[PDB]
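Step one of this worksheet: look at the structure below.
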């Protein structure tokens, strides 16, 4: 459903990780399957060879928290104009205070011990509903 | 540039912003709107140092690097009670519990 | 204009109405003071810092900084955020 187009038209791209997280680039292949690419350290950039109509999304490499590329969720390389690369700015979204708290707590508690926490049962499942690329993919689809 | 502050007296905390070029007196005017006390009855502090009305917040060390939205800088407030100024007091926030073993 | 959010231990937090109106739960509670019988002040101060943070960075292509949460306040902040849905 959400797939890259096989345009075969090359597009030159710079992924700039403007977030404090290790960024995992994900290419959506022609069958819709997410394909991971080498990780991008915080404050670093990489020149990428992609194609017009291709689909990329970005995540925290360790936690798979969702990140933003050009203020949106999906980056589709476009036509290079004047032979300049298209810039893909990876940034942190403004998480909810709930999402941000789930992030930190997930980082401090191993999942087997989530239930040892003295919180409402609704939160037990929210901790276990860790962000996932496939879950996010279905939502956009 | 906007500086992001917590104005604190006793058990009261104001969250507001101001321009780095703003003056201490203009911040007393801001407090006057909220807490209904005139600048003549207010003393503003950085840590333990009284701030002069004419100096800008940047000159007093409240800067964009220092006074940030997610980590605002603290300005102490002391009030005058009919001709006499109280000592600067800021009640601390509550203490967090010890970390659960699960962490 | 401002509103006053009072913590369980009696600290009064004065924030801008638009900042507090970000939360729908707080909006409901207001309809100019709200009392939180379960949220201590070390939690509620961070709640207000988040208001400042959210309103500032919501629509900016400038790099957004992380909202920092000390490990010691993580659990309590989470409960409060779940209750206020924010």
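Bear in mind that the values in this text are calculations on the coordinates, not laboratory data. Backbone-built Cβ (ideal geometry, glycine too); neighbour counts: all protein chains shown.
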Residue match in the range B:76-83 (condition: assigned to a strand (DSSP E or B), surrounded by fewer than 17 Cβ atoms within 10 Å (Cβ to Cβ), out of contact with any helix residue (DSSP H, G or I) (no Cβ under 6 Å at 6 or more places or on another chain) and more than 14 Å from chain C (Cβ to nearest Cβ)): yes
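Yes/no per residue for (1) part of a strand (DSSP E or B); (2) within 13 Å of chain C (Cβ to nearest Cβ):
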| site | (1), (2) |
| --- | --- |
| A:27 | yes, no |
| A:38 | no, no |
| A:62 | no, no |
| A:80 | no, no |
| A:100 | no, yes |
| A:106 | no, yes |
| A:113 | no, yes |
| A:122 | no, yes |
| A:138 | no, no |
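Restricting to strands (runs of 3 or more DSSP E) lying wholly in chain C: which have 3 or more residues that are touching a strand residue (DSSP E or B) at 6+ places or on another chain (Cβ under 8 Å), surrounded by 14 or more Cβ atoms within 10 Å (Cβ to Cβ) and more than 12 Å from chain A (Cβ to nearest Cβ)? Spell out the reasoning first.
Numbers: elements: C:2-6, C:12-16, C:33-35.
Once the strands (runs of 3 or more DSSP E) in chain C are filtered for at least 3 residues that are touching a strand residue (DSSP E or B) at 6+ places or on another chain (Cβ under 8 Å), surrounded by 14 or more Cβ atoms within 10 Å (Cβ to Cβ) and more than 12 Å from chain A (Cβ to nearest Cβ), what remains is C:2-6, C:12-16.
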- prompt: With respect to residue B:96, is the statement that it is buried (at least 18 other Cβ atoms within 10 Å of the Cβ), within 14 Å of chain C (Cβ to nearest Cβ) and touching a helix residue (DSSP H, G or I) at 6+ places or on another chain (Cβ under 8 Å) true?
  reply: no
